[PDB]
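Shown below: work16.cif, with mmCIF, C-alpha atoms; chains and numbers go by the auth columns.
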```cif
data_my_file
loop_
_atom_site.group_PDB
_atom_site.id
_atom_site.type_symbol
_atom_site.label_atom_id
_atom_site.label_comp_id
_atom_site.label_asym_id
_atom_site.label_seq_id
_atom_site.Cartn_x
_atom_site.Cartn_y
_atom_site.Cartn_z
_atom_site.B_iso_or_equiv
_atom_site.auth_seq_id
_atom_site.auth_asym_id
ATOM 1 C CA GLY A 1 197.246 11.253 37.616 0.00 1 C
ATOM 2 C CA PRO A 2 200.477 9.184 37.652 0.00 2 C
ATOM 3 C CA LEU A 3 198.852 5.959 38.819 0.00 3 C
ATOM 4 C CA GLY A 4 195.413 4.885 39.994 0.00 4 C
ATOM 5 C CA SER A 5 193.824 3.526 36.828 0.00 5 C
ATOM 6 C CA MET A 6 196.899 1.323 36.418 0.00 6 C
ATOM 7 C CA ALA A 7 197.105 0.251 40.059 0.00 7 C
ATOM 8 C CA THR A 8 194.960 -2.329 41.822 0.00 8 C
ATOM 9 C CA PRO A 9 194.613 -2.715 45.633 0.00 9 C
ATOM 10 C CA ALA A 10 197.027 -5.249 47.101 0.00 10 C
ATOM 11 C CA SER A 11 196.567 -7.502 50.135 0.00 11 C
ATOM 12 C CA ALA A 12 192.848 -7.668 50.931 0.00 12 C
ATOM 13 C CA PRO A 13 191.529 -8.063 54.554 0.00 13 C
ATOM 14 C CA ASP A 14 191.661 -11.851 54.228 0.00 14 C
ATOM 15 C CA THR A 15 193.226 -14.423 56.569 0.00 15 C
ATOM 16 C CA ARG A 16 196.712 -13.319 55.484 0.00 16 C
ATOM 17 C CA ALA A 17 195.880 -9.745 56.443 0.00 17 C
ATOM 18 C CA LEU A 18 194.332 -10.908 59.705 0.00 18 C
ATOM 19 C CA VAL A 19 197.257 -13.178 60.628 0.00 19 C
ATOM 20 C CA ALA A 20 199.661 -10.347 59.806 0.00 20 C
ATOM 21 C CA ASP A 21 197.499 -8.059 61.950 0.00 21 C
ATOM 22 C CA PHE A 22 197.351 -9.953 65.245 0.00 22 C
ATOM 23 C CA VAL A 23 200.933 -11.164 64.954 0.00 23 C
ATOM 24 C CA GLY A 24 202.122 -7.837 63.585 0.00 24 C
ATOM 25 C CA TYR A 25 200.395 -5.766 66.254 0.00 25 C
ATOM 26 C CA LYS A 26 201.733 -8.026 69.010 0.00 26 C
ATOM 27 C CA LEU A 27 205.258 -8.236 67.594 0.00 27 C
ATOM 28 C CA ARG A 28 205.345 -4.512 66.849 0.00 28 C
ATOM 29 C CA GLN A 29 204.327 -3.880 70.457 0.00 29 C
ATOM 30 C CA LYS A 30 206.938 -6.195 72.015 0.00 30 C
ATOM 31 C CA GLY A 31 209.824 -7.051 69.706 0.00 31 C
ATOM 32 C CA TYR A 32 209.451 -5.889 66.139 0.00 32 C
ATOM 33 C CA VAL A 33 208.838 -2.284 67.157 0.00 33 C
ATOM 34 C CA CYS A 34 211.688 -1.110 64.937 0.00 34 C
ATOM 35 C CA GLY A 35 209.991 -2.828 62.046 0.00 35 C
ATOM 36 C CA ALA A 36 206.818 -0.779 62.287 0.00 36 C
ATOM 37 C CA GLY A 37 204.353 -1.886 59.628 0.00 37 C
ATOM 38 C CA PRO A 38 202.511 -5.202 60.236 0.00 38 C
ATOM 39 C CA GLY A 39 200.885 -3.954 63.406 0.00 39 C
ATOM 40 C CA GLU A 40 200.399 -0.461 62.014 0.00 40 C
ATOM 41 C CA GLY A 41 196.634 -0.880 61.954 0.00 41 C
ATOM 42 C CA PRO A 42 194.298 -1.473 64.919 0.00 42 C
ATOM 43 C CA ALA A 43 191.018 -3.325 65.395 0.00 43 C
ATOM 44 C CA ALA A 44 188.782 -2.058 62.592 0.00 44 C
ATOM 45 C CA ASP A 45 188.222 -5.059 60.324 0.00 45 C
ATOM 46 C CA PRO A 46 185.428 -7.654 60.756 0.00 46 C
ATOM 47 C CA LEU A 47 187.880 -9.984 62.488 0.00 47 C
ATOM 48 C CA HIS A 48 190.564 -7.596 63.717 0.00 48 C
ATOM 49 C CA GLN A 49 188.505 -6.209 66.609 0.00 49 C
ATOM 50 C CA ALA A 50 187.472 -9.792 67.265 0.00 50 C
ATOM 51 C CA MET A 51 190.972 -11.234 67.600 0.00 51 C
ATOM 52 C CA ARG A 52 192.187 -8.192 69.531 0.00 52 C
ATOM 53 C CA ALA A 53 189.585 -8.779 72.254 0.00 53 C
ATOM 54 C CA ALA A 54 190.225 -12.489 72.174 0.00 54 C
ATOM 55 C CA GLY A 55 193.976 -12.368 72.637 0.00 55 C
ATOM 56 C CA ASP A 56 193.639 -9.710 75.338 0.00 56 C
ATOM 57 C CA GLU A 57 191.202 -11.796 77.376 0.00 57 C
ATOM 58 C CA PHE A 58 193.163 -15.026 76.895 0.00 58 C
ATOM 59 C CA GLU A 59 196.470 -13.266 77.510 0.00 59 C
ATOM 60 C CA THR A 60 195.066 -12.335 80.913 0.00 60 C
ATOM 61 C CA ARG A 61 193.621 -15.823 81.520 0.00 61 C
ATOM 62 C CA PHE A 62 196.574 -17.854 80.224 0.00 62 C
ATOM 63 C CA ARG A 63 199.067 -17.898 83.082 0.00 63 C
ATOM 64 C CA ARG A 64 201.353 -19.928 80.819 0.00 64 C
ATOM 65 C CA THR A 65 202.093 -18.110 77.581 0.00 65 C
ATOM 66 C CA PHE A 66 205.717 -16.963 77.351 0.00 66 C
ATOM 67 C CA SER A 67 206.868 -20.115 79.150 0.00 67 C
ATOM 68 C CA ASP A 68 206.570 -22.506 76.234 0.00 68 C
ATOM 69 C CA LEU A 69 208.030 -19.797 74.047 0.00 69 C
ATOM 70 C CA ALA A 70 211.265 -20.042 75.993 0.00 70 C
ATOM 71 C CA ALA A 71 210.919 -23.782 76.508 0.00 71 C
ATOM 72 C CA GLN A 72 210.947 -24.287 72.736 0.00 72 C
ATOM 73 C CA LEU A 73 213.739 -21.821 71.950 0.00 73 C
ATOM 74 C CA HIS A 74 215.657 -22.986 75.024 0.00 74 C
ATOM 75 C CA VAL A 75 217.703 -25.592 73.192 0.00 75 C
ATOM 76 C CA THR A 76 217.706 -24.524 69.524 0.00 76 C
ATOM 77 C CA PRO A 77 215.314 -23.155 66.826 0.00 77 C
ATOM 78 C CA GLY A 78 214.542 -24.571 63.387 0.00 78 C
ATOM 79 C CA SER A 79 212.849 -27.748 64.594 0.00 79 C
ATOM 80 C CA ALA A 80 209.929 -25.700 65.879 0.00 80 C
ATOM 81 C CA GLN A 81 207.503 -26.640 63.106 0.00 81 C
ATOM 82 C CA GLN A 82 207.163 -30.167 64.417 0.00 82 C
ATOM 83 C CA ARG A 83 206.489 -28.899 67.930 0.00 83 C
ATOM 84 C CA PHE A 84 204.005 -26.355 66.618 0.00 84 C
ATOM 85 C CA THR A 85 202.227 -28.823 64.317 0.00 85 C
ATOM 86 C CA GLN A 86 201.897 -31.295 67.213 0.00 86 C
ATOM 87 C CA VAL A 87 200.093 -28.914 69.553 0.00 87 C
ATOM 88 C CA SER A 88 198.167 -27.495 66.587 0.00 88 C
ATOM 89 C CA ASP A 89 196.780 -30.920 65.685 0.00 89 C
ATOM 90 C CA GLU A 90 195.925 -31.531 69.331 0.00 90 C
ATOM 91 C CA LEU A 91 194.137 -28.171 69.300 0.00 91 C
ATOM 92 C CA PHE A 92 192.191 -29.092 66.166 0.00 92 C
ATOM 93 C CA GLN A 93 191.620 -32.643 67.456 0.00 93 C
ATOM 94 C CA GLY A 94 187.995 -31.905 68.242 0.00 94 C
ATOM 95 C CA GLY A 95 187.118 -28.367 69.229 0.00 95 C
ATOM 96 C CA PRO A 96 188.444 -25.400 67.166 0.00 96 C
ATOM 97 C CA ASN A 97 185.898 -23.179 68.906 0.00 97 C
ATOM 98 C CA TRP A 98 186.333 -19.398 69.223 0.00 98 C
ATOM 99 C CA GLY A 99 187.505 -20.113 72.758 0.00 99 C
ATOM 100 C CA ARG A 100 190.453 -22.043 71.373 0.00 100 C
ATOM 101 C CA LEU A 101 190.743 -19.830 68.282 0.00 101 C
ATOM 102 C CA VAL A 102 192.269 -17.293 70.636 0.00 102 C
ATOM 103 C CA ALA A 103 195.040 -19.634 71.749 0.00 103 C
ATOM 104 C CA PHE A 104 195.494 -20.661 68.111 0.00 104 C
ATOM 105 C CA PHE A 105 196.706 -17.231 67.028 0.00 105 C
ATOM 106 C CA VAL A 106 198.022 -16.324 70.475 0.00 106 C
ATOM 107 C CA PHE A 107 200.380 -19.323 70.392 0.00 107 C
ATOM 108 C CA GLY A 108 202.187 -18.132 67.293 0.00 108 C
ATOM 109 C CA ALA A 109 201.823 -14.407 67.949 0.00 109 C
ATOM 110 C CA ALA A 110 203.476 -14.790 71.341 0.00 110 C
ATOM 111 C CA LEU A 111 206.025 -17.221 69.908 0.00 111 C
ATOM 112 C CA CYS A 112 206.916 -14.812 67.121 0.00 112 C
ATOM 113 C CA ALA A 113 207.320 -11.938 69.581 0.00 113 C
ATOM 114 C CA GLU A 114 209.953 -13.749 71.638 0.00 114 C
ATOM 115 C CA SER A 115 211.510 -14.983 68.391 0.00 115 C
ATOM 116 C CA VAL A 116 212.183 -11.413 67.243 0.00 116 C
ATOM 117 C CA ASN A 117 213.691 -10.807 70.675 0.00 117 C
ATOM 118 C CA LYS A 118 216.114 -13.680 70.070 0.00 118 C
ATOM 119 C CA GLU A 119 218.019 -15.382 67.242 0.00 119 C
ATOM 120 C CA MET A 120 214.850 -16.596 65.522 0.00 120 C
ATOM 121 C CA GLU A 121 214.123 -13.936 62.892 0.00 121 C
ATOM 122 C CA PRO A 122 213.419 -16.367 59.963 0.00 122 C
ATOM 123 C CA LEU A 123 211.497 -18.609 62.365 0.00 123 C
ATOM 124 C CA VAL A 124 208.916 -15.838 62.804 0.00 124 C
ATOM 125 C CA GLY A 125 207.743 -16.063 59.201 0.00 125 C
ATOM 126 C CA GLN A 126 207.659 -19.833 59.517 0.00 126 C
ATOM 127 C CA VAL A 127 205.357 -19.780 62.536 0.00 127 C
ATOM 128 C CA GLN A 128 203.296 -17.239 60.614 0.00 128 C
ATOM 129 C CA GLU A 129 202.896 -19.566 57.634 0.00 129 C
ATOM 130 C CA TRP A 130 202.478 -22.684 59.812 0.00 130 C
ATOM 131 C CA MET A 131 199.617 -20.867 61.484 0.00 131 C
ATOM 132 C CA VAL A 132 197.952 -19.348 58.429 0.00 132 C
ATOM 133 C CA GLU A 133 198.275 -22.624 56.502 0.00 133 C
ATOM 134 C CA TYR A 134 196.848 -24.781 59.278 0.00 134 C
ATOM 135 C CA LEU A 135 194.044 -22.272 59.583 0.00 135 C
ATOM 136 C CA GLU A 136 193.255 -21.784 55.890 0.00 136 C
ATOM 137 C CA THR A 137 193.306 -25.545 55.332 0.00 137 C
ATOM 138 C CA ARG A 138 191.222 -26.665 58.344 0.00 138 C
ATOM 139 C CA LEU A 139 190.352 -23.833 60.766 0.00 139 C
ATOM 140 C CA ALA A 140 188.644 -21.767 58.072 0.00 140 C
ATOM 141 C CA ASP A 141 186.327 -24.700 57.333 0.00 141 C
ATOM 142 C CA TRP A 142 185.158 -24.953 60.940 0.00 142 C
ATOM 143 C CA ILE A 143 184.858 -21.176 61.132 0.00 143 C
ATOM 144 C CA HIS A 144 182.911 -20.882 57.868 0.00 144 C
ATOM 145 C CA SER A 145 180.390 -23.520 58.949 0.00 145 C
ATOM 146 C CA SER A 146 180.143 -22.287 62.554 0.00 146 C
ATOM 147 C CA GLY A 147 179.205 -18.672 61.913 0.00 147 C
ATOM 148 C CA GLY A 148 182.184 -17.117 60.235 0.00 148 C
ATOM 149 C CA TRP A 149 184.745 -14.589 61.379 0.00 149 C
ATOM 150 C CA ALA A 150 181.839 -12.159 61.481 0.00 150 C
ATOM 151 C CA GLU A 151 180.276 -14.245 64.265 0.00 151 C
ATOM 152 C CA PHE A 152 183.480 -13.909 66.280 0.00 152 C
ATOM 153 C CA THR A 153 183.497 -10.165 65.594 0.00 153 C
ATOM 154 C CA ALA A 154 180.007 -9.986 67.058 0.00 154 C
ATOM 155 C CA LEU A 155 180.885 -12.286 69.948 0.00 155 C
ATOM 156 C CA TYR A 156 183.502 -9.965 71.429 0.00 156 C
ATOM 157 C CA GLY A 157 183.411 -6.947 69.158 0.00 157 C
ATOM 158 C CA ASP A 158 181.212 -3.860 69.225 0.00 158 C
ATOM 159 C CA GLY A 159 178.046 -5.848 69.829 0.00 159 C
ATOM 160 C CA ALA A 160 179.594 -8.010 72.528 0.00 160 C
ATOM 161 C CA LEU A 161 176.385 -8.632 74.433 0.00 161 C
ATOM 162 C CA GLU A 162 176.428 -10.473 77.752 0.00 162 C
ATOM 163 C CA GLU A 163 175.009 -13.568 76.041 0.00 163 C
ATOM 164 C CA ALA A 164 177.833 -13.644 73.502 0.00 164 C
ATOM 165 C CA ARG A 165 180.386 -13.198 76.277 0.00 165 C
ATOM 166 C CA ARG A 166 179.019 -15.989 78.483 0.00 166 C
ATOM 167 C CA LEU A 167 178.794 -18.064 75.309 0.00 167 C
ATOM 168 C CA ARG A 168 182.538 -17.809 74.768 0.00 168 C
ATOM 169 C CA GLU A 169 183.137 -18.615 78.433 0.00 169 C
ATOM 170 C CA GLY A 170 180.895 -21.669 78.420 0.00 170 C
ATOM 171 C CA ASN A 171 182.432 -22.654 75.109 0.00 171 C
ATOM 172 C CA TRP A 172 186.100 -22.647 76.119 0.00 172 C
ATOM 173 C CA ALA A 173 185.126 -24.541 79.266 0.00 173 C
ATOM 174 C CA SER A 174 184.367 -27.643 77.210 0.00 174 C
ATOM 175 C CA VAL A 175 186.796 -26.938 74.333 0.00 175 C
ATOM 176 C CA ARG A 176 189.969 -25.518 75.881 0.00 176 C
ATOM 177 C CA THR A 177 189.937 -28.128 78.636 0.00 177 C
ATOM 178 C CA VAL A 178 189.331 -31.038 76.245 0.00 178 C
ATOM 179 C CA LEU A 179 192.448 -30.024 74.315 0.00 179 C
ATOM 180 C CA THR A 180 194.360 -28.838 77.372 0.00 180 C
ATOM 181 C CA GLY A 181 196.874 -31.648 76.869 0.00 181 C
ATOM 182 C CA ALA A 182 198.419 -29.851 73.883 0.00 182 C
ATOM 183 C CA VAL A 183 201.268 -28.667 76.126 0.00 183 C
ATOM 184 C CA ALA A 184 203.882 -30.301 73.895 0.00 184 C
ATOM 185 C CA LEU A 185 205.775 -27.005 73.807 0.00 185 C
ATOM 186 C CA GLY A 186 206.638 -27.343 77.473 0.00 186 C
ATOM 187 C CA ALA A 187 210.293 -28.311 77.270 0.00 187 C
ATOM 188 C CA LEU A 188 213.389 -27.383 79.270 0.00 188 C
#
```

Just dump the structure as structure tokens.
Amino acid sequence: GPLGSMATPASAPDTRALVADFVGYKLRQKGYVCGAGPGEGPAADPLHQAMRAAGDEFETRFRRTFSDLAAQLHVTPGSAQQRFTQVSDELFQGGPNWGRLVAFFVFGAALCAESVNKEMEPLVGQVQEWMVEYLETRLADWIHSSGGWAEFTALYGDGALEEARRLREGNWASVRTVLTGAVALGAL
């Protein structure tokens, strides 16, 4: 054969692959459709199917998603990292539960979508790194000690039992509301 023995697999299903998945899938579905590739794969990984069900549920529950997206990019881009980092810290203040984990990725994924629809192409990768870095540096720790991404995949994945579902609901009740003041993206 031409290759194979001299070719190793690139990009494992790690956080980078997961962040590129959710954001890719979302962007590819509403913005970066021409750039088919990131969201070329569906929910099959032990985190993919988890985030997919998360975002979907939160996307339906969050009556304020694309608002802050416009609010931020209403004046001018670039200085979006400070806005993002502010709300991110407020989100990680004391409750990075799976209930909030949804909004964590959803915030950037939605942001990125509207960024590809506007003059914020380079900003997309920034939000992607701001997200993956904040996560890998602090979110991952909470996640690893809590139950892991696998726990989240069981919570709302194939084995999404009624107990796991009500668990997420009761969870976000105390966690998403305690950090509900992270609306620093709400500008004009």

Residue by residue, what does the PyMOL selection byres ((chain C and resi 28) around 12) grab here? Present the result as a PyMOL selection string.
chain C and resi 20-27+29-42+109-110+112-114+116-117

Restricted to C-alpha atoms, what would the selected residues look like written as a PDB file, in the frame of the given file?
```
ATOM      1  CA  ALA C  20     199.661 -10.347  59.806  1.00  0.00           C
ATOM      2  CA  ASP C  21     197.499  -8.059  61.950  1.00  0.00           C
ATOM      3  CA  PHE C  22     197.351  -9.953  65.245  1.00  0.00           C
ATOM      4  CA  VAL C  23     200.933 -11.164  64.954  1.00  0.00           C
ATOM      5  CA  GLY C  24     202.122  -7.837  63.585  1.00  0.00           C
ATOM      6  CA  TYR C  25     200.395  -5.766  66.254  1.00  0.00           C
ATOM      7  CA  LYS C  26     201.733  -8.026  69.010  1.00  0.00           C
ATOM      8  CA  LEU C  27     205.258  -8.236  67.594  1.00  0.00           C
ATOM      9  CA  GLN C  29     204.327  -3.880  70.457  1.00  0.00           C
ATOM     10  CA  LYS C  30     206.938  -6.195  72.015  1.00  0.00           C
ATOM     11  CA  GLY C  31     209.824  -7.051  69.706  1.00  0.00           C
ATOM     12  CA  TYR C  32     209.451  -5.889  66.139  1.00  0.00           C
ATOM     13  CA  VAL C  33     208.838  -2.284  67.157  1.00  0.00           C
ATOM     14  CA  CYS C  34     211.688  -1.110  64.937  1.00  0.00           C
ATOM     15  CA  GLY C  35     209.991  -2.828  62.046  1.00  0.00           C
ATOM     16  CA  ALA C  36     206.818  -0.779  62.287  1.00  0.00           C
ATOM     17  CA  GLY C  37     204.353  -1.886  59.628  1.00  0.00           C
ATOM     18  CA  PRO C  38     202.511  -5.202  60.236  1.00  0.00           C
ATOM     19  CA  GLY C  39     200.885  -3.954  63.406  1.00  0.00           C
ATOM     20  CA  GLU C  40     200.399  -0.461  62.014  1.00  0.00           C
ATOM     21  CA  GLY C  41     196.634  -0.880  61.954  1.00  0.00           C
ATOM     22  CA  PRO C  42     194.298  -1.473  64.919  1.00  0.00           C
ATOM     23  CA  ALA C 109     201.823 -14.407  67.949  1.00  0.00           C
ATOM     24  CA  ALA C 110     203.476 -14.790  71.341  1.00  0.00           C
ATOM     25  CA  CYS C 112     206.916 -14.812  67.121  1.00  0.00           C
ATOM     26  CA  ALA C 113     207.320 -11.938  69.581  1.00  0.00           C
ATOM     27  CA  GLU C 114     209.953 -13.749  71.638  1.00  0.00           C
ATOM     28  CA  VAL C 116     212.183 -11.413  67.243  1.00  0.00           C
ATOM     29  CA  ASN C 117     213.691 -10.807  70.675  1.00  0.00           C
TER      30      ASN C 117
END
```

Taking the file above as input, evaluate the PyMOL selection byres ((chain C and resi 159-173) around 10) and report the hits as a PyMOL selection string.
chain C and resi 50+54+95-102+151-158+174-179

Can you write just those residues out, C-alpha atoms, as a PDB file, in the coordinates of the input?
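Final file, part-v8.pdb:
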```pdb
ATOM      1  CA  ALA C  50     187.472  -9.792  67.265  1.00  0.00           C
ATOM      2  CA  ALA C  54     190.225 -12.489  72.174  1.00  0.00           C
ATOM      3  CA  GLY C  95     187.118 -28.367  69.229  1.00  0.00           C
ATOM      4  CA  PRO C  96     188.444 -25.400  67.166  1.00  0.00           C
ATOM      5  CA  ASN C  97     185.898 -23.179  68.906  1.00  0.00           C
ATOM      6  CA  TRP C  98     186.333 -19.398  69.223  1.00  0.00           C
ATOM      7  CA  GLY C  99     187.505 -20.113  72.758  1.00  0.00           C
ATOM      8  CA  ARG C 100     190.453 -22.043  71.373  1.00  0.00           C
ATOM      9  CA  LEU C 101     190.743 -19.830  68.282  1.00  0.00           C
ATOM     10  CA  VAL C 102     192.269 -17.293  70.636  1.00  0.00           C
ATOM     11  CA  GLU C 151     180.276 -14.245  64.265  1.00  0.00           C
ATOM     12  CA  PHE C 152     183.480 -13.909  66.280  1.00  0.00           C
ATOM     13  CA  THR C 153     183.497 -10.165  65.594  1.00  0.00           C
ATOM     14  CA  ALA C 154     180.007  -9.986  67.058  1.00  0.00           C
ATOM     15  CA  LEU C 155     180.885 -12.286  69.948  1.00  0.00           C
ATOM     16  CA  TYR C 156     183.502  -9.965  71.429  1.00  0.00           C
ATOM     17  CA  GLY C 157     183.411  -6.947  69.158  1.00  0.00           C
ATOM     18  CA  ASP C 158     181.212  -3.860  69.225  1.00  0.00           C
ATOM     19  CA  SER C 174     184.367 -27.643  77.210  1.00  0.00           C
ATOM     20  CA  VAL C 175     186.796 -26.938  74.333  1.00  0.00           C
ATOM     21  CA  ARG C 176     189.969 -25.518  75.881  1.00  0.00           C
ATOM     22  CA  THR C 177     189.937 -28.128  78.636  1.00  0.00           C
ATOM     23  CA  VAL C 178     189.331 -31.038  76.245  1.00  0.00           C
ATOM     24  CA  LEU C 179     192.448 -30.024  74.315  1.00  0.00           C
TER      25      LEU C 179
END
```

Å distance separating CA of residue 136 in chain C from CA of residue 46 in chain C, one decimal place
16.9 Å

Exactly which residues make up the result of the PyMOL selection byres ((chain C and resi 188) around 10) on this file, given as a CSV table (one decimal) with C-alpha atoms, in the coordinates of the input?
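Contents of expr.csv, as written:
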```
chain,number,residue,atom,x,y,z
C,67,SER,CA,206.9,-20.1,79.2
C,68,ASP,CA,206.6,-22.5,76.2
C,70,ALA,CA,211.3,-20.0,76.0
C,71,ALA,CA,210.9,-23.8,76.5
C,72,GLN,CA,210.9,-24.3,72.7
C,73,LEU,CA,213.7,-21.8,72.0
C,74,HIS,CA,215.7,-23.0,75.0
C,75,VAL,CA,217.7,-25.6,73.2
C,185,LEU,CA,205.8,-27.0,73.8
C,186,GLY,CA,206.6,-27.3,77.5
C,187,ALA,CA,210.3,-28.3,77.3
```

Taking all listed atoms of range 130-149 of chain C, build the axis-aligned box, pad each of the six sides by 4 Å, then write its centre and edge lengths in Å to one decimal as lines of an AutoDock Vina configuration file.
```
center_x = 190.8
center_y = -20.6
center_z = 58.9
size_x = 31.3
size_y = 20.1
size_z = 15.2
```

Please determine, counting only C-alpha atoms, which residue among C:17, C:3, C:80, C:87 has the shortest atom-to-atom distance to residue 184 in chain C.
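The closest residue to residue 184 in chain C is C:87.
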
What does the structure give for the distance between CA of residue 145 in chain C and CA of residue 47 in chain C, in Å to one decimal?
15.9 Å

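Note that CA of residue 19 in chain C and CA of residue 90 in chain C are 20.4 Å apart.
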
Which residue of C:148, C:14, C:127, C:2 approaches residue 85 in chain C most closely, using all atoms listed in the file:
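Looking at the shortest contact to residue 85 in chain C, the residue is C:127.
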
Which residues come within 7 Å of residue 43 in chain C, counting all atoms listed in the file, excluding same-chain residues fewer than 4 positions away, as a compact mmCIF listing (two decimals) with C-alpha atoms, in the frame of the given file?
```txt
# COMPACT_ATOMS: atom_id res chain seq x y z
CA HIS C 48 190.56 -7.60 63.72
CA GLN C 49 188.50 -6.21 66.61
CA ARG C 52 192.19 -8.19 69.53
```

Write out as JSON, numbers by chain the residues lying within 10 Å of residue 65 in chain C, counting all atoms listed in the file and excluding same-chain residues fewer than 2 positions away.
{"C": [58, 59, 60, 61, 62, 63, 67, 68, 69, 70, 103, 106, 107, 110, 111]}

Name the closest residue to residue 131 in chain C among the candidates C:79, C:150, C:118, C:15; distances are taken between atoms, counting all atoms listed in the file.
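Closest to residue 131 in chain C, using all atoms listed in the file: C:15.
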
N, CA, C and O atoms modelled onto range 57-68 of chain C, as a PDB file, keeping the file's coordinate frame:
```pdb
ATOM      1  N   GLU C  57     191.862 -11.029  76.330  1.00  0.00           N
ATOM      2  CA  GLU C  57     191.202 -11.796  77.376  1.00  0.00           C
ATOM      3  C   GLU C  57     191.988 -13.065  77.711  1.00  0.00           C
ATOM      4  O   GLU C  57     192.201 -13.379  78.885  1.00  0.00           O
ATOM      5  N   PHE C  58     192.414 -13.793  76.683  1.00  0.00           N
ATOM      6  CA  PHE C  58     193.163 -15.026  76.895  1.00  0.00           C
ATOM      7  C   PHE C  58     194.539 -14.743  77.465  1.00  0.00           C
ATOM      8  O   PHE C  58     195.027 -15.498  78.290  1.00  0.00           O
ATOM      9  N   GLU C  59     195.151 -13.652  77.031  1.00  0.00           N
ATOM     10  CA  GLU C  59     196.470 -13.266  77.510  1.00  0.00           C
ATOM     11  C   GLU C  59     196.422 -13.045  79.022  1.00  0.00           C
ATOM     12  O   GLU C  59     197.383 -13.316  79.737  1.00  0.00           O
ATOM     13  N   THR C  60     195.275 -12.577  79.495  1.00  0.00           N
ATOM     14  CA  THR C  60     195.066 -12.335  80.913  1.00  0.00           C
ATOM     15  C   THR C  60     194.667 -13.626  81.650  1.00  0.00           C
ATOM     16  O   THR C  60     194.879 -13.760  82.858  1.00  0.00           O
ATOM     17  N   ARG C  61     194.070 -14.566  80.925  1.00  0.00           N
ATOM     18  CA  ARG C  61     193.621 -15.823  81.520  1.00  0.00           C
ATOM     19  C   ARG C  61     194.690 -16.921  81.445  1.00  0.00           C
ATOM     20  O   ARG C  61     194.726 -17.820  82.287  1.00  0.00           O
ATOM     21  N   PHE C  62     195.532 -16.863  80.428  1.00  0.00           N
ATOM     22  CA  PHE C  62     196.574 -17.854  80.224  1.00  0.00           C
ATOM     23  C   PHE C  62     197.818 -17.508  81.025  1.00  0.00           C
ATOM     24  O   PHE C  62     198.651 -16.711  80.599  1.00  0.00           O
ATOM     25  N   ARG C  63     197.931 -18.122  82.191  1.00  0.00           N
ATOM     26  CA  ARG C  63     199.067 -17.898  83.082  1.00  0.00           C
ATOM     27  C   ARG C  63     200.340 -18.552  82.545  1.00  0.00           C
ATOM     28  O   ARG C  63     201.415 -18.409  83.126  1.00  0.00           O
ATOM     29  N   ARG C  64     200.215 -19.263  81.435  1.00  0.00           N
ATOM     30  CA  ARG C  64     201.353 -19.928  80.819  1.00  0.00           C
ATOM     31  C   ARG C  64     201.376 -19.630  79.328  1.00  0.00           C
ATOM     32  O   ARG C  64     200.795 -20.358  78.526  1.00  0.00           O
ATOM     33  N   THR C  65     202.020 -18.532  78.970  1.00  0.00           N
ATOM     34  CA  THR C  65     202.093 -18.110  77.581  1.00  0.00           C
ATOM     35  C   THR C  65     203.537 -18.032  77.091  1.00  0.00           C
ATOM     36  O   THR C  65     203.925 -18.711  76.145  1.00  0.00           O
ATOM     37  N   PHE C  66     204.322 -17.172  77.732  1.00  0.00           N
ATOM     38  CA  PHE C  66     205.717 -16.963  77.351  1.00  0.00           C
ATOM     39  C   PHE C  66     206.642 -18.059  77.888  1.00  0.00           C
ATOM     40  O   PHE C  66     207.850 -18.030  77.663  1.00  0.00           O
ATOM     41  N   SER C  67     206.079 -19.025  78.593  1.00  0.00           N
ATOM     42  CA  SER C  67     206.868 -20.115  79.150  1.00  0.00           C
ATOM     43  C   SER C  67     207.305 -21.078  78.060  1.00  0.00           C
ATOM     44  O   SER C  67     208.491 -21.382  77.913  1.00  0.00           O
ATOM     45  N   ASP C  68     206.333 -21.558  77.309  1.00  0.00           N
ATOM     46  CA  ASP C  68     206.570 -22.506  76.234  1.00  0.00           C
ATOM     47  C   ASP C  68     207.371 -21.869  75.118  1.00  0.00           C
ATOM     48  O   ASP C  68     208.075 -22.550  74.371  1.00  0.00           O
TER      49      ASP C  68
END
```
